[PDB]
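Below is one structure, written out as structure tokens, with a few remarks after it.
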Amino acid sequence: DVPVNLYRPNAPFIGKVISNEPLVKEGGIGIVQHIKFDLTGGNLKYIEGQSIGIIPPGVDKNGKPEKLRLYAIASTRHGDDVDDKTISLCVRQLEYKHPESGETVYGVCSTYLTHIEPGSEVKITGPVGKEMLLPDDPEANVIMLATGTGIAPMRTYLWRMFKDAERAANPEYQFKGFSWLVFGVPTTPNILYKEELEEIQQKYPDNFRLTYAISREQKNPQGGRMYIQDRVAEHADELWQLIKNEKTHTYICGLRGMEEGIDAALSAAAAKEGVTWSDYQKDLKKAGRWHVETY
Ligand SMILES: Cc1cc2nc3c(=O)[nH]c(=O)nc-3n(C[C@H](O)[C@H](O)[C@H](O)COP(=O)(O)OP(=O)(O)OC[C@H]3O[C@@H](n4cnc5c(N)ncnc54)[C@H](O)[C@@H]3O)c2cc1C
Ligand SMILES: NC(=O)c1ccc[n+]([C@@H]2O[C@H](COP(=O)([O-])OP(=O)(O)OC[C@H]3O[C@@H](n4cnc5c(N)ncnc54)[C@H](OP(=O)(O)O)[C@@H]3O)[C@@H](O)[C@H]2O)c1
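In this text, residue positions in the sequence shown follow the entry's author numbering: the first is 9, and each later residue adds one.
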């Protein structure tokens, strides 16, 4: 019983922004915002791992109304206030140089979202998605591999697993498994949710492990920027040991470029033991224990 499309793109939920809080500390690169919306009055229900569409105001270059952009939900089903009245997103402002013009360009929806004021009414659709759901089993193991805003669904899992108010609100889900987050961002001030992630590891050293790939402050053994797949390769044998456990789920969220390198580290470790990764991975997919959301 997973609710999907309670509000469709043609008839979105309209809710007010409650707050818009900066996640990149001083010295960091660009802007990433934690935005929380009010759902009271409507009936938008959601669970961890799902996404929502935001429809920004305006029309594109062709005179057509702007389409929805999808964003991973960043709060648990209860919302950040733990009262079932809200929903949060974790949004990067898109900013780039035009290939042949040199001008600074900004994305439409991510600029709209990152500069939104509390009290603004926003078009919301969904929730959508069944690919990234957490298992109900409190004895599952959870491997999370995340670049940038890819942390968003991981935040829904981790908070559900480890937040005081969440543990008090979910008596049927007291997590006892092993949890491992590998998180790739460019700088320390760019570590989204740093303090809260570090708080979790301190309180649950046996249930949660936190590994960073800080791409501009750390180098991989081969001279390059420290990326996710370099952390993966570094712990490849242990991770493969853990993936072989039938209770283990793996979640990948962020850049598609992280996948090729993850498969190569694991293909190597799995071959040491006479197992062809790509076929085993095929089975994991079918059994629904390999979860991928790249964009
Ligand atoms: C499943 C899913 C989940 C997502 N979750 C999140 C999330 O949690 N947080 C988040 O911030 N985003 C997330 N996104 C991405 C998000 O949906 C938007 O795509 C993003 O915010 C940019 O939208 P925009 O409207 O700001 O940019 P737009 O105005 O739509 O512009 C994007 C277009 O800009 C062009 N572009 C980009 N770079 C260049 C370049 N270098 N040179 C020339 N053109 C370029 C491309 O044509 C691209 O299609 C997710 C996407 C998907 C599909
Ligand atoms: N990471 C994502 O979730 C994602 C998804 C789609 C698009 N993007 C692009 O990145 C911009 C910012 O993204 P955002 O804040 O989520 O992420 P952001 O903080 O940049 O974090 C992305 C991390 O991925 C690293 N990285 C770059 N190329 C990689 C590769 N091939 N394999 C593994 N890791 C790699 C980046 O390192 P360096 O920059 O130091 O190389 C950085 O540490 C977006 O506006 C978009 O242009 C990112």
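Virtual Cβ for every residue (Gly too), placed ideally from N, Cα, C.
Residue range of the unbroken alpha helix (DSSP H) whose run includes residue i
i, result
"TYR288", "285–294"
"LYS211", "202–211"
"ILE159", "159–170"
For residue j and residue i, the rounded distance between their alpha carbons
i, j, result
"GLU74", "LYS184", "44 Å"
"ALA277", "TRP248", "7 Å"
"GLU246", "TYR212", "20 Å"
"residue 3", "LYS202", "Look at the range of the chain in this structure, 9 to 303, and you will see that residue 3 is not part of it."
"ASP68", "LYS24", "24 Å"
"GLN182", "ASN228", "37 Å"
"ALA80", "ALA244", "27 Å"
"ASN215", "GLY156", "23 Å"
"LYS252", "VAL90", "35 Å"
"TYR235", "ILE260", "14 Å"
Same chain only: Cβ atoms within 6 Å of residue i, ignoring 5 sequence neighbours per side
i, result
"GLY50", "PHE21"
"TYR114", "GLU103"
"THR219", "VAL190, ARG239"
"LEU263", "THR155"
"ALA160", "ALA80, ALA82, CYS98"
Near ligand 3: residue i beta-carbon under 8 Å from a heavy atom
i, result
"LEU274", "Summarising the ligand content, the structure contains ligand 1 and ligand 2 and does not contain ligand 3."
Spatial neighbours of residue i in its chain, beta-carbon cut-off 7 Å, leaving aside the 5 residues before and after
i, result
"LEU250", "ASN149, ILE151, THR256"
"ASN13", "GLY134, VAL136"
"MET169", "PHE183, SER187"
"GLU225", "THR195, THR196"
"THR122", "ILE39, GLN41, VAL99, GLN101"
Extent of the continuous beta strand (DSSP E) to which residue i belongs
i, result
"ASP46", "40–46"
"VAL193", "187–193"
"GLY23", "21–30"
"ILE151", "149–155"
Proximal residues to residue i (C-beta, below 8 Å), its chain only, five neighbours per side dropped
i, result
"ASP291", "none"
"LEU31", "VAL40, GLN41, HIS42, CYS98, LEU200, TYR201"
(request) Entirely within the region 226–288 and at least 3 residues each: give me those beta strand (DSSP E) ranges in chain order. (result) 256–262
(request) List in chain order: all unbroken beta strand (DSSP E) runs of 3+ residues lying wholly within the region 61–143. (result) 77–80, 94–100, 103–105, 112–114, 129–136
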